[PDB]
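Asker: I have a structure here, written as structure tokens, and I will follow up with some questions on it.
Here Cβ is always computed from backbone atoms with ideal geometry, including for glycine, and neighbour counts include all displayed protein chains. Since every read-out is calculated from the coordinates, none of them should be taken as a lab result.
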Amino acid sequence: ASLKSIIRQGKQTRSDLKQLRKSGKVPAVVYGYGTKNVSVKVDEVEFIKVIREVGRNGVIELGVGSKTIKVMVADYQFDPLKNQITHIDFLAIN
Amino acid sequence: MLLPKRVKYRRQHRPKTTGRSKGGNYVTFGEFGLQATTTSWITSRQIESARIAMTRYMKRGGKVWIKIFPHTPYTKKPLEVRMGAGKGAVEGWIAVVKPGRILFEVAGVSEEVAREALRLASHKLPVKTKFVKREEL
Amino acid sequence: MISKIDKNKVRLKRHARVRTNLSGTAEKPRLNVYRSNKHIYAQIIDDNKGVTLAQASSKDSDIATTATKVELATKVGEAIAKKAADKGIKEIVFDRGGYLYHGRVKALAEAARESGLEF
Amino acid sequence: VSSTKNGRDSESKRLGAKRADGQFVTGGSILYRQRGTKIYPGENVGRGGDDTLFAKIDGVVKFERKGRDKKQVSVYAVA
Amino acid sequence: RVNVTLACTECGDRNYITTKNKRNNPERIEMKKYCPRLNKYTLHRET
Amino acid sequence: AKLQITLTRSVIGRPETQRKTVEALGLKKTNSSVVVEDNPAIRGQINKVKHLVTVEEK
RNA sequence: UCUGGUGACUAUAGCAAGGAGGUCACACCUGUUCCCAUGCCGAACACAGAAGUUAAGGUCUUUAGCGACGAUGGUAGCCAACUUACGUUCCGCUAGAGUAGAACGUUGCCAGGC
RNA sequence: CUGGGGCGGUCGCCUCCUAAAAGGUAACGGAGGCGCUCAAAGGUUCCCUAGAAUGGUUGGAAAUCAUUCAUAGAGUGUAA
RNA sequence: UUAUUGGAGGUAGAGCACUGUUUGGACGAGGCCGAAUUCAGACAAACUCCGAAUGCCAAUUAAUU
């Protein structure tokens with residue numbers, strides 16, 4: 001129940017995302033109770049390996065920058081071709 | 001032998017073949033299914049030909065689902081006459097399939113048995129397919 | 001079990017349909033009349049701006065008097081007539097809200113007609 | 001010997017808006033040509049026999065909303 | 001459906017032509033039109 | 001500040017719209033120079049034909 | 001000040017529930033002599049009453065169960081380029097619809113008695 | 001007129017799709033109409049507002065209805 | 001020709017709220033089984049609760065021409 005994210009910079013061009021999705025990163029967003037709209041990015045293998053313990057629904061400890069919040073999987077855009085995630089949604093469980 | 005009971009117009013405009021599948025890209029009835037990876041026109045003759053070749057090797061030991069139905073009829077001028085005389089008569093019914101669209105769906109059978117049955121029905125289809133299972137993550 | 005229907009509801013609807021091609025405008029203001037099950041109220045309103053400049057009711061202290069339940073209307077019409085006579089007593093559009101023109105309204109309508117209100 | 005029976009068609013009636021929004025027009029100028037009440041008439045704007053919107057006062061055109069899902073065109077005397 | 005010519009009594013001019021159904025109204029039509037020369041709503045009669 | 005625009009590519013085989021914009025900038029034939037002041041009005045014109053001219057501060 | 005009367009704003013203003021009234025005023029109710037009425041019934045409309053009644057409409061409370069309003073973040077398409085041609089590819093531009101989170105039980109104008 | 005000519009079929013007007021969110025736009029491209037009717041189907045004033053399923057014509061499972069939904073689902077002299 | 005702002009309109013997409021088409025569940029309607037309302041999921045040149053990019057009309061001051 002742990003994950004380290006990285007605050008993404010503002011205004012990302014298509015090429016940027018493509019290059020970011022070409023490696024082992026997947027753009028995500030965080031929003032909910034006692035928090036504002038913050039855009040971050042996590043690892044694909046690190047997310048799938050930490051989503052088999054709690055399963056579909058389960059409280060996780062995301063390291064948004066220099067803080068830890070309890071969030072869950074609200075939505076996730078999946079690509080049928082080449083079975084790869086493209087976007088993840090985190091909602092504050094608090 | 002699959003065709004609509006009745007249609008408003010017997011002459012269409014030939015469905016466009018571009019982009020990706022609009023919907024129906026996940027198996028929701030069976031456990032395994034055949035997913036297309038190329039774009040082409042699927043006629044009713046081929047659809048029923050692949051279904052007969054699948055049930056024949058399954059020996060009535062499971063349920064089969066068809067997620068495609070010929071909705072657009074196409075015409076064809078016979079005996080190659082001179083061009084310019086109006087549209088011809090209906091020849092058959094087709095169905096456009098884009099990459100990421102599930103074709104068939106099997107259930108209530110061995111996982112290795114469904115992998116061989118789907119492979120036999122893929123030889124009667126004019127599109128590259130791929131064996132997939134119910135996803136849940 | 002047949003249910004009853006509101007009388008003010010239907011009336012309002014009809015009134016709105018009659019207010020689609022009729023409205024006050026300084027020179028020609030509209031004389032809206034509200035008839036209840038006890039007294040009757042009337043006031044000259046200017047739709048162009050949206051402010052009243054006249055007021056007359058049957059529940060007024062200088063109008064309240066055990067009448068024949070129809071004479072009050074006549075007085076009401078004559079009451080606002082003099083009030084309207086002070087300033088702006090020329091061409092005016094008479095509004096019958098949503099009720100019929102025959103009845104107490106008629107008496108109130110002709111009350112200003114004999115008062116001098118050119119309408 | 002195939003035959004045909006679909007070579008008939010009527011003429012096209014130049015419909016649509018005839019005046020832009022914020023443009024100065026003179027009384028009697030047509031503002032819209034339609035088949036029905038696509039756009040209702042606003043202030044200083046009358047409707048013709050063929051549902052044609054025309055101006056009655058010289059001013060600028062103004063396309064606004066009337067209600068919640070209905071449009072309307074009006075004209076103001078202010079130059 | 002045939003043509004109808006409303007004749008005048010003073011005018012003497014056919015400045016009013018209308019239509020009607022003989023099978024429907026076989027009787028003569030009598031309406032009150034307006035003859036400019038007389039300048040008065042006179043009673044016209046179909047010939 | 002100031003800007004120095006230069007026509008490096010020809011206008012032969014280019015859409016009419018682009019041809020009119022190039023003539024509005026002041027450029028005549030190929031390898032033509034023109035000095036103007038930097039502003040949002042000029043920027044837009046240079047952004048329409050950025051693959052036909054070369055801009056450099058000055 | 002209060003409830004009313006008449007307006008302006010896109011239902012954030014709707015419907016549903018669960019409540020409390022109130023009798024200033026509304027309503028409800030009582031009739032058919034009176035003007036006036038049903039394609040007939042005084043149901044409605046109209047006039048006269050107005051004894052009783054809040055039961056209903058109803059005004060004020062509570063609830064987001066509907067309905068409507070919907071941040072962001074992504075991408076579908078597309079403009080202009082470049083490449084090989086285009087069931088494209090890549091680089092810039094504008095960035096949807098679906099959906100998440102959420103907001104919503106309306107704000108205003110004028111006249112009177114109060 | 002014409003994917004050579006002949007044979008056949010068409011030749012004027014009205015509505016939609018093709019038509020690429022202004023307007024306009026072709027083919028022997030795809031669908032339908034008109035060659036009128038109406039003395040009230042006109043003018044003005046005033047007032048009104050389908051389908052489901054239970055006292056069963058052994059039942060057409062829709063008599064001319066009670067009042068729920070109507071929420072307009074209708075209706076408009078005529079094709080869209 | 002740009003910049004700035006205002007407006008008219010239903011295409012590409014997407015969607016099933018209407019019209020038609022369709023698949024699995026589900027429909028009863030007769031002394032024995034057959035005309036169905038919902039649940040989920042699809043399709044549309046002559047379907048639309050929605051809806052871009054471009055282009056188009058105009059207005060204003062600026063800036064080049």
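Asker: Report, to the nearest 10°, how far helix B:44-58 tilts away from the longest principal axis of the Cα atoms in chain B, using its own Cα long axis and a range of 0 to 90°.
Answerer: 20 degrees
Asker: Give the Rg/Rh ratio for chain D, taking Rg as the radius of gyration of the Cα atoms and Rh as the Kirkwood radius, to two decimals.
Answerer: For chain D, the value is 1.23.
Asker: Pop a pseudo-label 7 angstrom from the Cα along the beta-carbon direction at both D:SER12 and E:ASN25 and give the gap in nm to one decimal.
Answerer: With each label placed 7 Å out from Cα toward Cβ, I get 4.5 nm.
Asker: Let me ask something additional. Once both labels are modelled 7 Å past Cα along the beta-carbon direction, what's the C:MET1-B:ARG45 spacing in nm?
Answerer: Simple spin-label model gives 6.8 nm for this pair.
Asker: Set the Förster radius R0 to 51 Å, insert the Cβ-Cβ distance between A:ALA92 and B:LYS130 as r into 1/(1 + (r/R0)^6), and round the FRET efficiency to 0.05.
Answerer: 0.85
Asker: If you don't mind, another one. Estimate the FRET efficiency between B:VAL7 and E:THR18 by the formula 1/(1 + (r/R0)^6), using the beta-carbon distance for r and 45 Å for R0, to the nearest 0.05.
Answerer: Rounded to the nearest 0.05, the efficiency is 0.35.
Asker: Once you have a ≥ b ≥ c as the square roots of the Cα gyration tensor eigenvalues for the range B:23-137, tell me rounded if a/c is under 1.5, and otherwise prolate or oblate according to whether a/b is larger than b/c. Can you show the working numbers first?
Answerer: Details: a/c = 2.96, a/b = 2.09, b/c = 1.42.
It comes out prolate by the Cα gyration axes.
Asker: While we're looking at this one, here's another question. Quote the FRET efficiency, to the nearest 0.05, computed for C:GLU114 versus C:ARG17 with a Förster distance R0 of 41 Å and r equal to the Cβ-Cβ distance.
Answerer: For C:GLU114 and C:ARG17, the calculated efficiency is 0.85.
Asker: Kindly provide log₁₀ I(q)/I(0) values, in the same order as q = 0.20, 0.21 Å⁻¹, from the Debye equation applied to equal alpha-carbon scatterers of chain F.
Answerer: Each listed q corresponds, in turn, to -0.67, -0.74.
Asker: Compute the acute angle (0 to 90°) between the alpha-carbon long axis of helix B:111-121 and the principal axis of greatest extent of the alpha-carbon atoms of chain B; round to the nearest 10°.
Answerer: 20 degrees
Asker: In what order do B:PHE104, A:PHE47 fall by count of nearby beta-carbon atoms within 10 Å, going from fewest to most? Each step should come with its number before you reach the end.
Answerer: Values: B:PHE104 27, A:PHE47 19.
Going from least to most buried by this count: A:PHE47, B:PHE104.
Asker: Also, quick follow-up: Just want the ordering: E:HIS44, B:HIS71, from fewest to most Cβ atoms lying within 10 Å of their own Cβ.
Answerer: Neighbour counts put them in this order, fewest first: B:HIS71, E:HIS44.
Asker: I would also like to ask the following. State whether the range B:1-88 is rounded, prolate or oblate according to the following rule on the C-alpha gyration tensor (a ≥ b ≥ c being the square roots of its eigenvalues): a/c under 1.5 gives rounded; otherwise a/b larger than b/c gives prolate, and the remaining case gives oblate. Before the final figure, lay out the partial values.
Answerer: Values: a/c = 2.46, a/b = 1.79, b/c = 1.37.
Judged from the Cα gyration tensor, the range B:1-88 comes out prolate (a/c at least 1.5, a/b above b/c).
Asker: At most 15 other Cβ atoms within 10 Å and a DSSP loop assignment: could you name the chymotrypsin sites (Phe, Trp or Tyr not before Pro) in chain E that fit?
Answerer: Hits after loop and neighbour filter: E:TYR34, E:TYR41.
Asker: Does a label point 7 Å from the Cα of B:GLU31, set along Cα-to-beta-carbon, have any residues of the range B:94-127 with amide nitrogen under 13 Å, and which are they?
Answerer: B:106-115
Asker: Still on this model: Could you work out how far the C-alpha centroid of the range B:60-84 sits from that of the range D:7-31, in angstrom?
Answerer: If we compute the Cα centre of each part, the gap is 46 Å.
Asker: Can you put C:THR20, C:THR52 in order, fewest other beta carbons within 10 Å first?
Answerer: Starting with the residue having the fewest Cβ neighbours, the order is C:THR20, C:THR52.
Asker: Further, regarding this structure: Given N residues in chain E, what is its alpha carbon radius of gyration divided by 2.2 N^0.38 Å?
Answerer: Normalised by 2.2 N^0.38 Å, the Cα Rg of chain E equals 1.16.
Asker: Also, I was wondering about something else. What 222 nm value per residue comes from the helices of chain B, counting each DSSP H run with n ≥ 4 as -39,500 (n - 2.57) and dividing by all residues, nearest 500 deg cm²/dmol? Numbers along the way, then the final one.
Answerer: On the way: 2 runs with 26 residues, N = 137.
Calculated mean residue ellipticity at 222 nm is -6000 deg cm²/dmol.
Asker: Return the loop-located GluC sites (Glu not before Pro) in chain E (DSSP other than H, G, I, E, B) with at most 12 other Cβ atoms within 10 Å of their own Cβ; answer none if there are none.
Answerer: E:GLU10, E:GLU27
Asker: If you don't mind, another one. Take the alpha carbon gyration tensor of the range C:1-63, find the square roots of its eigenvalues, order them as a ≥ b ≥ c, and report rounded if a/c is under 1.5; if not, report prolate when a/b exceeds b/c, else oblate.
Answerer: Judged from the Cα gyration tensor, the range C:1-63 comes out oblate (a/c at least 1.5, b/c at or above a/b).
Asker: Can you list residues from other chains, or at least 5 along the same chain, whose modelled amide H is less than 5 Å from the amide H of B:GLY92?
Answerer: Distant-sequence amide H within range of B:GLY92: B:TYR74.
Asker: How compact and how long is the range A:4-92, expressed as Rg and Dmax of its alpha-carbon atoms in Å?
Answerer: According to the Cα coordinates of the range A:4-92, Rg and Dmax are 12.8, 37 Å.
Asker: Here's a follow-up. Which longest run of chain C has no exposed loop site in it, a site being GluC sites (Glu not before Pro) in a DSSP loop with at most 13 other beta carbons within 10 Å, and the site itself not part of the run?
Answerer: After excluding every exposed loop site, the longest remaining stretch is C:28-90.
Asker: In nm, to one decimal, how far is the modelled label at C:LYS49 from the one at C:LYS87, with both set 7 Å along Cα→Cβ?
Answerer: In this crude spin-label approximation the distance works out to 0.9 nm.
Asker: Mind jotting down a quarter of the surface of the convex hull over the alpha carbons of the protein assembly as shown, in square nanometres, one decimal? Show your work: numbers first, answer last.
Answerer: On the way: hull surface 234.4 nm².
So the mean shadow area of the Cα hull is 58.6 nm².
Asker: Okay, next question. Suppose we take every Cα in the range C:21-110 and form the convex hull; what volume per residue is that in Å³?
Answerer: It is 98 Å³ per residue.
Asker: Tell me which trypsin sites (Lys or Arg not before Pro) from chain D have a DSSP coil assignment and no more than 10 other beta carbons within 10 Å of their own.
Answerer: The qualifying sites are D:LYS5, D:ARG8, D:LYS13, D:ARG14, D:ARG35, D:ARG68.
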